Each structure stands twice: as C-alpha cells, then as structure tokens.
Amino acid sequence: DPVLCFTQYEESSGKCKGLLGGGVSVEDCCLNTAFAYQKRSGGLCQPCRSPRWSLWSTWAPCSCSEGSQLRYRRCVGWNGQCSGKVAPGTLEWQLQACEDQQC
C-alpha cells in the first residue's frame, strides 16, 4: 500500500527531503537505500538504509520535589533489525529520578 518517496534522509532532524512523489510501494522507493519514506503526510519519516538506533532524546520535564523523567530513542531504517532484534519503528525508553529545586 503506497507511500511518499523522498531522495534524502536528514539524520540531524530525522526529516524526509526531496519529494519524488507518492503511489509507490516502500520496496520500490527503497530500491535506492539513500531514499526515505512517509506512510502518511505528517507521519514519521523512515530512511531506506538498514536499521539502527536514533540518538536518545533529551530528558523530558521532571514534573520542585524529586519526581522522574523519560527519554526515548527509535529504531529507524528499513529491511533489518536494531540491537535486540527490534523491528523498525520501535521506541525504547529510559526512566530516571530527577530534582529541579527543593520546595
């Protein structure tokens, strides 16, 4: 079922650039592994190269007293797995104790 095919993946921002067009299978788009796709306008952008982990996000807001904050990374790419045999798209999480001030 068809996808938006793009000629560039921008690793800094994880953004799809250089629209070729739509109405193509991901298989046909990714015949060239330098390309990238979106399933739906606004959707996540997936590079056609072999999967690997994104860099961890910054630590989210802490919720004055000691709470806890999430950071996340995603397995981004096509036709493979990341470390733990993880399929492309998959988010992985870390949770941490955090302190802002001392109310």
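Don't overthink the numbering: it's just position in the shown sequence, from 1.
The entry models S63 and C64 with a gap of 1 to 3 deposited residues left without coordinates. Averaged over their C-alpha atoms, the temperature factors of 31-39 and 50-58 are higher for 50-58. Taking the mean C-alpha B-factor of each stretch as recorded, 22-30 and 65-73 are not equal, and the higher mean is that of 65-73. For the set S13, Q94, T90, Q81, the maximum C-alpha B-factor listed in the entry falls on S13. When the CA B factors of the chain's modelled residues are split into thirds, the value for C103 lands in the highest one.
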